[PDB]
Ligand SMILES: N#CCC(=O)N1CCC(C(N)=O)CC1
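In structure tokens, the next block holds one chain alone, the form deposited without this ligand.
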């Protein structure tokens, strides 16, 4: 138990010192290591409940039971006198740097999870390399270090959402007494894209500075695992070479899919292209119905565009469908058009005017599920029909890393693959929520287990979400239909209410469009299984409740907690109308 933890900790830590807080010889060694700029993990035995047992077990590697003890890459180096001997004879630097491999850790992929992993490992003395490369889109779009969220994901899309929200702030200002006239105000796409891209640029640079200041080697190159410890790299000049590493973290993410139809790749674009597009898209068709499709359609319409969404079957498959229909109804009432139960079968009418900074012109032909036809012209067509990894680019099949039927990596609950020294984090880890804070937590927690003797695992259950559509939708836990399927309708009670933000009263906005509900389990003390809210600032509302749901909140916990007034969130503390009762939820 303790013995197996200690053996695992010693074998994989790069440089680790076993210590006690009260020990003067330990402080002498800490100071030497600090002077020579040798980074290392430290385990203070007096601060652990079984530190006495650990102390005795150390003798199985060192033949001594005393403290301090210093190890490098699985080898006992010495006690106080011996470490200082090596320091005085200028032998220490060579001892702590000798390794069977070029790196203690190679991270393939410089995005949300990979950068978090690599930085955290280097803190504990692991010699670390992070590899990142951005394969260009079909039209040639590329970007800098930081991954999908930073460059073509959460960051630009929420900034563009904020630009859309400010349109309603302009309308509301007149009712609150400000003298502007919203009717005579227009939006400039390229001005906003320039501001968004300058912020993304500051993030690209910040990550390069962070890696430098943690002594992490950054290679802007494509990585390919050719055996358990060997990574083949290809640089911007297509120069090929090989580097070796003890532990390997795969963190290469996904890219957008295109449907297999004529004209899609040639004449459409994806979210990869939209966030740096040099011209306003114009009249736009969005194909798909995921959160990416609806978020992009939403801000495009708020910025004055003529927007249509083509929906194969339902909106937001896998989310609570009552909430998904309320989201879509709001968008349709506020200027988004929908072509429902429809799929595309794309012709070019005009080439993109790269001179005068203007889109082209396209003819889209499709059909509905009953057989009727769709035919209409658009200036821009955006495909948002899912994302996929392409691990054949990354991972030679002879290495032995097992994939599932979707091409994602099959992992243990500590992110280990079928190859003992290789791990996977983020969007390519099969079965896990595909979110940036999940990738960051998995990467940091893994680095600590590998190089600092930590034990804590990442918890992937009940991870909260928010969809940043024009009216936002936050959620934590089960949808209502999944709860009913798992426990039966008679064991589920749902409390719900409409509400109206105080900010919407003077502005003459809608009375009964915002909505929230708690999905509860009767036979388990009215345990809250899922929380759902449609309204402004839905992510800020939802976050804090995710802590309560993690700790097992019941309806009675929500009832005994007092509201903050006036807020939207306080409506969760006084819910009382049940769905079974038939009483209206309106306000």
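Positions refer to the first chain, counted from 1.
The form solved in complex with this ligand is left out here; the points below concern that form.
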query: Selected contact from 483, 265, 92, 381, since only one has a non-hydrogen atom within 4.5 angstroms of this ligand in the entry with it bound; finding: 265
query: In the entry with it bound, the one of 135, 181, 98, 213 near this ligand [non-hydrogen atom within 4.5 angstroms]; finding: 135
query: Residue 260: touches this ligand in the entry with it bound, heavy atom cutoff 4.5 angstroms; finding: yes
query: Contact test in the entry with it bound: residue 255 vs this ligand, heavy atoms, 4.5 Å; finding: yes
